[PDB]
Amino acid sequence: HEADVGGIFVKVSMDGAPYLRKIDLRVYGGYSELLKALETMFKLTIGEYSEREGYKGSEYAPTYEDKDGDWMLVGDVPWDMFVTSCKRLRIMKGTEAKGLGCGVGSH
């Protein structure tokens, strides 16, 4: 089933430091490459969605915009629902992610 690859484009920005990247939701076909891509983006290692806080990200919390317009860290919804609902993409340092770390999440 490869007819939905590269269609919904996501726009990604960095906070505290200037960066301009852009990617597509479908091109990962799963969470593995999703997480791996982030590690690729800024050439470092993103912490996974630890089910306890899932917003820590170590130093970077990858966040997305859902249909409600709320920004959470990836790993909240499962891929199948996730891809069709994510609108925007923002990954940024934990010092800022701590702001949207809804209910004990980041730093």
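Residues numbered from 1 in each chain as written, not as in the entry; some residues may be left out. Heavy atoms only, no water.

By the naming in the PDB entry, the chain is Auxin-induced protein IAA4, taken from Pisum sativum. Here the entry title, as the record gives it, is "Solution structure of the PsIAA4 oligomerization domain reveals interaction modes for transcription factors in early auxin response". According to UniProt, the comment filed for the chain under the heading Sequence similarities is "Belongs to the Aux/IAA family." (UniProt positions renumbered as here; feature names shortened; annotations may be inferred.)

Enquirer: Would you mind going over the nonpolar core with me for this structure?
Expert: Grouped burial of nonpolar side chains is what soluble globular proteins tend to show. If you look at the biggest cluster of nonpolar residues, it comprises 29 residues, and the most contacted ones within it are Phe42, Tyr64, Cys86 and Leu89. The greatest single-element share of this core, amounting to 4 residues, is contributed by helix α1 (residues 31-41). What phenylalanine 42 contacts, discounting residues up to four positions off in sequence, is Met14 and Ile91. (Core = buried A, V, L, I, M, F, W, Y, C linked by side-chain atoms within 4.5 Å. Buried < 20%, exposed > 50% of the residue type's maximum accessible area, 1.4 Å probe, protein only. Helix = DSSP H or I, 4+ residues; strand = E, 2+ residues; numbered from the N terminus. Contact = heavy atoms within 4.5 Å.)

Enquirer: What is the right way to look at the sheet that holds strand β1 (residues 9-13) in this model?
Expert: What holds strands together in a sheet is hydrogen bonding between their backbones, with the strands either parallel or antiparallel. One open sheet accounts for 5 strands, arranged β2-β1-β5-β3-β4; its pairing is mixed. One side of each edge strand has no neighbouring strand; the edge strands of this open sheet are β2 (20-24) and β4 (71-73). Within the sheet, the average angular offset between the axes of one strand and its neighbour, ignoring direction, is 30°. Bridging between β1 and strand β5 (residues 89-93) involves 2 bridges; their strand directions are parallel. (Pairing = 2+ DSSP bridges. Axes fitted to C-alpha atoms, helices over the stretch in contact; angles between N-to-C directions.)

Enquirer: How should I be thinking about the pattern of salt bridges in this particular structure?
Expert: Opposite charge on two side chains permits pairing when their charged atoms draw close. Using the criterion set out here, one finds 5 salt bridges in the structure. A salt bridge links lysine 67 to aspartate 66; the nearest nitrogen and oxygen atoms lie 2.6 Å apart. The exposure class assigned to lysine 67 is exposed, which follows from its relative accessible area of 61%. Each of the salt bridges in this network shares a partner with another, and the network as a whole consists of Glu65, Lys87 and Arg88. (Salt bridge = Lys/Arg side-chain N within 4 Å of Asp/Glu carboxyl O.)

Enquirer: What am I meant to see in the pairing of strand β3 (residues 60-65) here?
Expert: Where a strand is regular, its side chains alternate between the two sheet faces. A large share of β3 lies buried, amounting to 6 of its 6 residues. The alternating pattern of β3 places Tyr60, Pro62 and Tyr64 on one face and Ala61, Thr63 and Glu65 on the opposite face, and all of these are buried. Summarising the sheet, β3 and β5 pair through 5 bridges and their orientation is antiparallel. Its bridge partner lying in β5, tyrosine 64 is registered against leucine 89. Across 3 bridges, β3 lies against β4 in antiparallel orientation. Counted as the bridge partner of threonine 63 is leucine 73 from β4. Linking β3 to β4, which pair antiparallel, is a turn of 5 residues; within it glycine 69 sits at a positive phi near 95°.

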